[PDB]
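One chain comes next, on its own, written out as structure tokens in the form deposited in one PDB entry.
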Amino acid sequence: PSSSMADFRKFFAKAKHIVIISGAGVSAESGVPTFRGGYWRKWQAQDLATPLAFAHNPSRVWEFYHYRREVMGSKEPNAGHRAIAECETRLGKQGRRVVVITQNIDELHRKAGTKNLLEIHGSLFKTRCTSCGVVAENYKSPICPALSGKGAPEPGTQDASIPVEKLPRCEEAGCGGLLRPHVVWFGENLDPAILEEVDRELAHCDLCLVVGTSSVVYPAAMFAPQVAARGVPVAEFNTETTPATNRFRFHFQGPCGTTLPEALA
């Protein structure tokens, strides 16, 4: 796998549908904690982003997401996020399409300007009622009163054990259902409406970029390998090589913050 930028820029100037797949690597450059290995108390994302964790300890899970929600307030998009958003505006005007498909739930791509955004794992700032299924944007801090001054990430912190009745409840008239985060947990499926948008993007894709992904979360991990198999060049921008890198035309190492501003110039 080549480490040559000049060869990349030659495909880049020509490409007309470009898909960018973005992973936790991009958010970690904003100082957003990706709990992917690092921990929230004695747990990582894999232990809490599960339907089982929510069934058995919904209080704990909400504490965790509450933490993550509040932490985002200070945080901002980085040079990698900006470069991708500028590129999409710039290329838009040349009749060229750019789409970002993100594994991230922090919405930093939105804040940066990105319009053609597919959030394959949902968002931190959307809830879903487990009684009626309405999906609602929710930016309220704290999301519910019983969570005010909870969600500390330091281990040893005792569980607030908020009864289920005082965790975020649906506000729809007549419902009262328990809300969950509208995030895709391990063991669950991605939204079918989202999967079709992606299927189409990956099929008619042009040049694929995979940025700050460790390439260990499926299905997102298969998306670029899909494209490469079709004879389409794929550039992997990551600080460190992955289990999929050897299937890609390019690997550029570095912080996506350092490499993308050039690559997408």
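We number the residues from 1 along the sequence you see. Each form is matched to the other, and the largest set of C-alpha atoms that superpose within 1.5 Å is called the rigid core.
Unmodelled deposited residues between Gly37 and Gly38: 1 to 3, per the record.
The mean C-alpha temperature factor is higher for 91-99 when 162-170 and 91-99 are set side by side.
Taking the mean C-alpha B-factor of each stretch as recorded, 215-223 and 236-244 are not equal, and the higher mean is that of 236-244.
In this entry, the residue among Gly187, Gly73, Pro145, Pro181 with the greatest C-alpha B factor is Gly73. Each of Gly122, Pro77, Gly133, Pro153 has a CA temperature factor in the record; the biggest one is found at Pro153. Sort the chain's modelled residues by C-alpha temperature factor and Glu137 lands in the middle third, per the entry. When the CA B factors of the chain's modelled residues are split into thirds, the value for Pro255 lands in the highest one. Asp206: CA B factor in the highest third of modelled residues in this chain (values from the PDB entry). Among all modelled residues in its chain, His109 ranks in the lowest third by Cα B-factor. Among the modelled residues of its chain, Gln44 has a C-alpha B-factor that falls in the middle third, as given in the PDB entry.
Separately, the form deposited in another entry exists; it is not shown, and the next lines address it.
For the residues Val198, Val232, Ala221, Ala28, superposed on the rigid core between this form and the one not shown, a C-alpha shift of 2 angstroms or more shows up only at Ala221. Superposed on the core, the two forms barely differ at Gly92: its CA moves less than 2 Å between this form and the one not shown.
Core-superposed comparison between this form and the one not shown: CA of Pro155 displaced by 2 Å or more.
In the core-superposed comparison between this form and the one not shown, the C-alpha atom of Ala45 has shifted by at least 2 angstroms. Put simply, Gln44 and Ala24 spread apart in the other entry: their C-alpha atoms are 3 Å or more farther than in the form shown. Distance between the C-alpha atoms of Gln44 and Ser27: longer in the other entry than here (change of 3 Å or more).
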